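Each protein sequence line maps, in turn, to chains C, D, A and B.
In case it helps, the deposited numbering puts the first sequence at residues 94 to 230.
In case it helps, the deposited numbering puts the second sequence at residues 94 to 231.
In case it helps, the deposited numbering puts the third sequence at residues 94 to 230.
In case it helps, the deposited numbering puts the fourth sequence at residues 94 to 230.
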Amino acid sequence: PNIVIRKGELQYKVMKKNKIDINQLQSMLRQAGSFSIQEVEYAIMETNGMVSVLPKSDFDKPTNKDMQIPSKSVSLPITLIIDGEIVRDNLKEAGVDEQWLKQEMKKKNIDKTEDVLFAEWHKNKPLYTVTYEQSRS
Amino acid sequence: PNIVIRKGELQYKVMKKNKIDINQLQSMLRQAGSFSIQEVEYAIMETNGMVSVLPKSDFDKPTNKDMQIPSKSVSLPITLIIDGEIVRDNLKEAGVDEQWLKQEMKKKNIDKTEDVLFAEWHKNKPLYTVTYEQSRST
Amino acid sequence: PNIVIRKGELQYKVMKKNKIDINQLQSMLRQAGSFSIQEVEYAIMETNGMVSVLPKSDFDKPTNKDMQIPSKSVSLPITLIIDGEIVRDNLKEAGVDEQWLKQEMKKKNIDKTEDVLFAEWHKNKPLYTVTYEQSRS
Amino acid sequence: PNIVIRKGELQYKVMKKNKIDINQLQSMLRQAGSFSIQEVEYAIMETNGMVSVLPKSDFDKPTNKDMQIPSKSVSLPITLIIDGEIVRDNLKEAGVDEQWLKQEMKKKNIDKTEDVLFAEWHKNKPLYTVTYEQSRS
């Protein structure tokens, strides 16, 4: 992983060696969001021949910390039911069981668990369900 | 879908199986915007070969809800006229007729619809027209 | 342009016709940064197989207008010098001339026009130069 | 590198030259985040068939400068231990030594350097260290 721009400075030695000129690098930067080399702090040529860009502070976008937004819960959703069939492994991974499903089926007026095309569990959300009815609509 | 980073931890067992080392993963995370493993809550090795990154809260970017921005209408534009010809089904999608177009043509000094290279309808925007004369003017 | 999610709703007839099931869609959405289908208002299967994603308002990112930042000028920079030689076409497109260039080279202690490896113009701004010197230091 | 949209205006002569129609351009813009042509100030048809997009001021995302977040420091992490073996060059680049390393080991309750699968030095963070024992968990 060679560094083609270090601390805002074009590194001509490794550009030659990695066989990329200016026109090519400029084009690779624009596909990553940086429209001039003046806005770039770090640029790294990768294995697959892609460029990774760390923009200079002033041109970067603000993170959650920078805007003092309180640290929030970040979690993946879990697919409980797919195509009318309950997914086995995903029940215990979400720490739920078939009792919880049927209680939540009745909470949204659903009759069997094969009436449901798709259902997903999210930590900070109600249970999401797409019925076979809802999918013709 | 194999999880190569779970709750901030390198899953070394799934990295051996999928044949990706540390230096490959870091490169892959860089391409998705994360410049250190320490900034990643979740990384998912997709079946097409790429990784998908969920960053830790502190290194993610604020959403509209986080900045208490009001819920906007989110909708797609619809092409009404393309290459001089009015599109059939796209008028109905817009909830609009050929009557409405000619009134809006007169709103931008346009005689016929065949003087129009491109016309686009959007829910929260005035109608957008590019004439054939505008195509050559630029 | 196939609309695979419309107004938050999974369009099951369109997915089946385009030969993508729920796990594949999810994976494609994640590549576009959306980690759950509940966070998506529109998803569009492009002709080259990629999925374009419009997040629901609350999960999308603030624009400049949303943050009530006043409109600023947006302008592409133009490369005027590459590898010692001044590009002829890029001079008359940006607006400037060689009279302007050589005056600007005098501003930064540059002697001849062949001393410069890279120079870019930005609007009404101070000209950016990278001399052959700086490249190896 | 061809400019297909300049100052919000489609360049139809350039589009016909490059053999791209409206539909094809729109799809390209959608993959770059732009969901209408009206939100684009500049679009650049790039050498490898991708499009680069500068959105109009109102539709672009705010930078740190726009938000008056002060200039924070931008840097890359440096890996110090990988697969049990300490990287030679990486200690010198980070401005530390095995003297500093082994004192950091005792701060994190690890005895020898071979117990560590991965360790990275970040300029504005405490030393990251992943032992085999929490590799096993």
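Even for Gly, the Cβ is constructed at its ideal location relative to N, Cα and C.
Quick one: does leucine 210 (chain D) have its CB under 9 Å from some CB of chain B?
Stepping through the second sequence from its first residue, residue 210 (chain D) is reached at position 117. For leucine 210 (chain D), the answer is yes, since a Cβ of chain B falls inside 9 Å of its Cβ.
Would the beta-carbon of residue 232 (chain D) fall within 9 Å of that of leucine 210 (chain D)?
Absent from the structure is residue 232 (chain D), since the part of chain D shown begins at 94 and ends at 231.
Please list, in chain order, the residues of the segment 124-142 of chain C that have any C-beta partner in chain D closer than 7 Å.
Taking 7 Å as the Cβ-Cβ cut-off against chain D, the residues of the segment 124-142 of chain C that qualify are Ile137, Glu139, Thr140.
How would you list, in chain order, the residues of chain A whose beta-carbon sits under 9 Å from the beta-carbon of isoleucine 175 (chain C)?
The sequence position of residue 175 (chain C) within the first sequence is 82, counting from 1. Those are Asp114, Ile115, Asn116, listed as they occur along chain A.
Is there a Cβ from chain C that is less than 9 Å from the Cβ of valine 189 (chain B)?
Within the fourth sequence, the letter at position 96 stands for residue 189 (chain B). False, the Cβ-Cβ gap to chain C never drops below 9 Å.
Straight-line CA distance for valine 180 (chain A) to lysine 165 (chain B)?
Taking the first residue of the third sequence as 1, we reach residue 180 (chain A) at position 87. Taking the first residue of the fourth sequence as 1, we reach residue 165 (chain B) at position 72. Approximately 37 Å, taken between the alpha carbons.
Counting along the chain, where does the beta strand (DSSP E) carrying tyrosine 221 (chain A) start and finish?
What you label residue 221 (chain A) is simply residue 128 of the third sequence in a count that begins at 1. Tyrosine 221 (chain A) -> beta strand (DSSP E) spans 221-224.
Thinking C-alpha only, which one of D:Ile162, D:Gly188, D:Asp151, D:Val144 is nearest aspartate 151 (chain A)?
Numbered from 1 along the third sequence, position 58 holds the residue referred to as residue 151 (chain A). If we check each option's Cα against that of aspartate 151 (chain A), D:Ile162 comes out closest.
Tell me, please, which residues DSSP counts as bridged to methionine 138 (chain C).
Within the first sequence, numbered from 1, the residue matching residue 138 (chain C) stands at position 45. Note: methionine 138 (chain C) sits in a beta bridge opposite C:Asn95, C:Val144.
Would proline 155 (chain C) be called buried (16 or more neighbouring beta carbons within 10 Å of its own) or exposed?
For this step, residue 155 (chain C) is matched to residue 62 along the first sequence. Buried.
Examine chain C for any beta-carbon lying closer than 9 Å to the beta-carbon of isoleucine 179 (chain B), and answer yes or no.
Locating residue 179 (chain B) in the fourth sequence gives position 86, counting from the first residue. By this cut-off, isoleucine 179 (chain B) is not an interface position.
Considering only residues of the same chain and omitting the five flanking positions on each side of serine 168 (chain B), which have a CB-CB separation below 6 Å?
Start at 1 with the first residue of the fourth sequence, and residue 168 (chain B) comes out as number 75. Excluding positions up to five away in sequence, the list reads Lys216.
For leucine 169 (chain D) and chain C, any beta-carbon pair shorter than 9 Å?
For the purposes of this step, residue 169 (chain D) is identified with residue 76 of the second sequence, where counting begins at 1. Not one chain C Cβ lies under 9 Å of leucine 169 (chain D).
At the 9 Å Cβ level, is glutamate 102 (chain B) part of the contact set with chain D, yes or no?
Taking the fourth sequence and counting its residues from 1, the one referred to as residue 102 (chain B) is at position 9. So yes, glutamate 102 (chain B) belongs to the interface.
Checking the sheet assignment: what are the DSSP bridge partners for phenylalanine 211 (chain D)?
In the second sequence, residue 211 (chain D) corresponds to position 118, counting from 1. Looking at the DSSP assignment, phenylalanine 211 (chain D) forms a beta bridge with D:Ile175, D:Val223.
List the residues that DSSP assigns as beta-bridge partners of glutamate 102 (chain C).
The residue given as residue 102 (chain C) occupies position 9 in the first sequence. In the DSSP output, where bridge partners are listed per residue, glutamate 102 (chain C) has C:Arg99.
Using the three-state DSSP reduction, which class does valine 133 (chain D) fall into: helix, strand or coil?
Walking along the second sequence from the start, residue 133 (chain D) turns up at place 40. In the structure shown, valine 133 (chain D) sits in a strand (DSSP, three-state: E or B).
Label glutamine 192 (chain D) either buried or exposed according to how many other C-beta atoms from any shown protein chain fall within 10 Å of its C-beta, with 16 as the threshold for buried.
Stepping through the second sequence from its first residue, residue 192 (chain D) is reached at position 99. Exposed, because fewer than 16 other Cβ atoms sit within 10 Å of the Cβ of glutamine 192 (chain D).
Classify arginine 229 (chain A) as buried or exposed, calling it buried when 16 or more other Cβ atoms lie within 10 Å of its own Cβ.
Residue numbering aside, residue 229 (chain A) sits at position 136 when the third sequence is read from its first letter. It is exposed - the Cβ of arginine 229 (chain A) has fewer than 16 other Cβ atoms within 10 Å.
Using a Cβ-Cβ distance cut-off of 9 Å, determine whether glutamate 213 (chain D) contacts chain B.
Translated into positions along the second sequence, residue 213 (chain D) becomes position 120. So yes, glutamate 213 (chain D) belongs to the interface.
Does chain B have any CB closer than 9 Å to the CB of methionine 198 (chain A)?
If you number the third sequence from 1, residue 198 (chain A) lands on position 105. Chain B, which has no Cβ nearer than 9 Å to the Cβ of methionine 198 (chain A), makes this no.
Quick one: Cα of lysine 218 (chain B) to Cα of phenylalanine 128 (chain D), how far?
As a first step, residue 218 (chain B) must be located in the fourth sequence, where it is residue number 125. As a first step, residue 128 (chain D) must be located in the second sequence, where it is residue number 35. Each residue's Cα considered, the two are about 13 Å apart.
Closer than 9 Å by beta-carbon distance: list the chain F residues that pair up with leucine 184 (chain A), in chain order.
The chain inventory of the structure shown lacks chain F, comprising the protein chains C, D, A and B.
On a CA-only basis, which of B:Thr172, B:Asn183, B:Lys149 is nearest residue 79 (chain B)? Give me that one, please.
Since the first residue shown for chain B is 94 and the last is 230, residue 79 (chain B) is missing from the structure and cannot be characterised.
Just to make sure I have the definition right: I need the residues of chain A whose C-beta is within less than 7 Å of the C-beta of residue 34 (chain B). Which are they?
For residue 34 (chain B) there is no data in the structure shown, the boundaries of chain B being 94 and 230.
Starting from the beta carbon of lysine 106 (chain C), find every residue of chain B whose beta carbon is closer than 8 Å, and list them in chain order.
Looking up residue 106 (chain C) in the first sequence gives position 13. Those do not exist, as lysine 106 (chain C) stays about 17 Å from chain B at its closest Cβ, beyond 8 Å.
According to the Cβ coordinates, are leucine 122 (chain D) and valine 107 (chain D) closer than 9 Å?
For this step, residue 122 (chain D) is matched to residue 29 along the second sequence. For this step, residue 107 (chain D) is matched to residue 14 along the second sequence. Cβ distance not < 9 Å, so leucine 122 (chain D) and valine 107 (chain D) don't count as in contact.
Terminal residues of the continuous alpha helix (DSSP H) containing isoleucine 115 (chain B)?
Here residue 115 (chain B) is taken as the residue at index 22 of the fourth sequence, counted from 1. It spans 115-124 - the alpha helix (DSSP H) in which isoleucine 115 (chain B) sits, taken as one unbroken run.
Cα separation between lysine 185 (chain A) and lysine 109 (chain B)?
Residue 185 (chain A) sits at position 92 when you count from the first residue of the third sequence. Residue 109 (chain B) sits at position 16 when you count from the first residue of the fourth sequence. Roughly 23 Å separates the two Cα atoms.
Name, please, each residue of chain D whose Cβ falls closer than 9 Å to the Cβ of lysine 165 (chain C).
Numbered from 1 along the first sequence, position 72 holds the residue referred to as residue 165 (chain C). Within 9 Å Cβ-Cβ: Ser150, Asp153, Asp159.
Measure the C-alpha to C-alpha separation of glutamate 213 (chain C) and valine 97 (chain A) and round it to an integer number of angstroms.
Taking the first sequence and counting its residues from 1, one reaches residue 213 (chain C) at position 120. Taking the third sequence and counting its residues from 1, one reaches residue 97 (chain A) at position 4. Roughly 18 Å between the two C-alpha positions.
For the segment 215-226 of chain A, which residues have a beta carbon sitting closer than 8 Å to at least one beta carbon of chain B?
If the cut-off is 8 Å between Cβ atoms, the segment 215-226 of chain A has nothing near chain B.
Would you mind sorting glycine 126 (chain C) into buried or exposed? The rule is 16 or more other CB atoms within 10 Å of its CB.
Numbered from 1 along the first sequence, position 33 holds the residue referred to as residue 126 (chain C). Buried, because 16 or more other Cβ atoms sit within 10 Å of the Cβ of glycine 126 (chain C).
Rounded to whole angstroms, what's the CA-CA distance from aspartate 159 (chain B) to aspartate 159 (chain A)? Just pull it up for me.
Here the question's residue 159 (chain B) lines up with position 66 in the fourth sequence. Here the question's residue 159 (chain A) lines up with position 66 in the third sequence. Each residue's Cα considered, the two are about 13 Å apart.
Against chain A, with Cβ distances strictly below 9 Å, would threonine 172 (chain C) count as a contact?
Numbered from its first residue, the first sequence carries residue 172 (chain C) at position 79. It does; some Cβ of chain A falls within 9 Å.
Since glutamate 134 (chain A) and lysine 149 (chain A) are thought to touch, with beta carbons under 8 Å apart, how far apart are those beta carbons, to the nearest angstrom?
Your numbering for residue 134 (chain A) matches position 41 in the third sequence. Your numbering for residue 149 (chain A) matches position 56 in the third sequence. Contact holds; Cβ gap of about 5 Å.
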